[PDB]
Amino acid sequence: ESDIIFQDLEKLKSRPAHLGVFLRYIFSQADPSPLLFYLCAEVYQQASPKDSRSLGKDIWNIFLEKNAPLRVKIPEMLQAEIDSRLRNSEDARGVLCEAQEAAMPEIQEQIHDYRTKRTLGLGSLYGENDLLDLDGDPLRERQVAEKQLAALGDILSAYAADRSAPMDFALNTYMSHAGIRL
């Protein structure tokens, strides 16, 4: 049930096609920072303590440092801990988890906003038609999710480089990790 999935981030994280639809809305109308950050932090806390070290660094430069392009604001106390660890290639899974919590409120609001778009019958503008194609078969879900990823890239092709590059990096970091690639 899409209604069930779009309502809960925890469910959405696990459903690539749905996440893709939601992302198309985000990329088109809202600030992609909180969710892309969340998705990257999510990948980080599940990466090989080798791939994470550099991923931690990208996460810092893209979302958390002073002039990050997809800046996510977090408590000064937390920002310091995260900076230190990621900088020293230390274990930031804990603090990043703390950071994710800080982004949740805005993500939730965006989740509400997208549901409003659905209530208004605007879901087709963001790939919801392809959701009809889902038939429990994982092969199908990968195919629908893929179509969304392709559409997100088209959305990004129109944005300024200092915005599309980091968004593309973050997006692909998650999708790739989710077994979805163009």
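Residue indices: 1-based, along the sequence shown.
Engineer: So which stretch wins on mean C-alpha B-factor, 107-115 or 76-84?
Structural biologist: Between 76-84 and 107-115, it is 76-84 that shows the higher mean C-alpha B-factor.
Engineer: Out of 31-39 and 45-53, which one has CA B-factors that are higher on average in the deposited record?
Structural biologist: Comparing averages over the C-alpha atoms only gives 45-53.
Engineer: Whose CA atom has the top B-factor in the entry, of 58, 154, 146, 135?
Structural biologist: The record points to 135.
Engineer: Ordered by C-alpha B-factor within the chain, which third holds residue 163? Give me lowest, middle or highest, please.
Structural biologist: Lowest third.
Engineer: Grab the CA temperature factor for residue 139 from the record and place it in the lowest, middle or highest third of its chain.
Structural biologist: Highest third, going by the recorded CA B-factors of the chain.
Engineer: Using only modelled residues of the chain, where does the Cα B factor of residue 24 rank: lowest third, middle third or highest third?
Structural biologist: Lowest third of the chain for residue 24's C-alpha B-factor.
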